[PDB]
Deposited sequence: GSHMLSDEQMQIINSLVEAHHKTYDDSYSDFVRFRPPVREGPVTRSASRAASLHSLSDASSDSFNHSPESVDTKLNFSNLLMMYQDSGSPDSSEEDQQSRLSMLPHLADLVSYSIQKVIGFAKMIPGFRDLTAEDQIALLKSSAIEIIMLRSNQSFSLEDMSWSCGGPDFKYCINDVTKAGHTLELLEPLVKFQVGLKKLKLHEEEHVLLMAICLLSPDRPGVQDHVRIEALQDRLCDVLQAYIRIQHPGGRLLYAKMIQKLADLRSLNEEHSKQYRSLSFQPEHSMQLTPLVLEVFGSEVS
């Protein structure tokens, strides 16, 4: 009927983490290679993603219990959960009014089409928007949003994962804090938790769709040379 310290301290760490690794002004985006509307958006979006990965790694490093895992398991979790963490956090900039990520003047306002100029179709780009909408509508609290990202990152079901027993416990601790929170601090959210977990299953699918499309793109050297070393390494298979 009331959250305990360890839990409350878990929420404080995660929220501070997201804050130290997510800017609501999107000021660093000018440092990226400029957008251009033949895979013309590829250079900008590669920098966007590569940037975000550094952020996700920053957030992860501060997820309680994560630094305790082995370098190998940390890397296995990041690599597999990375793309999804990026989709979850991107929701912050998503705009239901225009069905696009609004991160600045018309320049940094990424709509479904600018992603196509980055090597992606619409058949697979449709579920992303479908996902960004349902997630948005959940009007999550920063606490639940931040938790969901931490819960998603500690999914034991990741190819490459060793200590799937510990990683499993951690995720359970997090899922519990998310349930208690929603229960005591989130009025009207009785179905919520279950809706949030469902969102992770969707991420799996979007994750698998990206892998495929990225695989083709990364295989063509004229395109991969547009990617950044960090991306090439995080989405690469040389594990």
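Missing from the model, relative to the deposited sequence, are the ranges 1-2, 40-99, 302.
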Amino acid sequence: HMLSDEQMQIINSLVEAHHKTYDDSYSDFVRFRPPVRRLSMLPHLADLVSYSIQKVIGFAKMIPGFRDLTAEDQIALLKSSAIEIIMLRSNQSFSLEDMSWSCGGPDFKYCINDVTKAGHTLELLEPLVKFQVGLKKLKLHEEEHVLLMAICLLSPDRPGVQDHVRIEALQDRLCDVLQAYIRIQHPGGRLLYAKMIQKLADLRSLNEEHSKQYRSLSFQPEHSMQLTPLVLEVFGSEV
From here on, numbers count along this sequence of modelled residues.
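Here the rigid core means the biggest group of C-alpha atoms that line up within 1.5 Å when the two forms are laid on top of each other.
Remark: when the other structures in 9 other deposited structures of this protein are fitted onto this one via the rigid core, 179-187 deviates more than the alternative among 66-74 and 179-187, judged by RMS CA distance. Of 119-127 and 151-159, the stretch whose C-alpha atoms sit farther from the shown form in 9 other deposited structures of this protein, after fitting on the rigid core, is 119-127.
Once the C-alpha B-factors are averaged per stretch, 48-56 and 182-190 rank with 182-190 first. Two stretches are in play, 101-109 and 146-154, and the higher mean C-alpha B-factor belongs to 101-109.
The entry lists a Cα temperature factor for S216 that places it in the middle third of the chain's modelled residues.
Among the modelled residues of its chain, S90 has a C-alpha B-factor that falls in the lowest third according to the deposited record. In the PDB entry, a CA B factor belonging to the highest third of its chain's modelled residues is recorded for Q162. When the modelled residues of the chain are ordered by their C-alpha B factor, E72 lands in the middle third.
Placement of the Cα temperature factor of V30 within the chain: lowest third of the modelled residues, per the deposited record.
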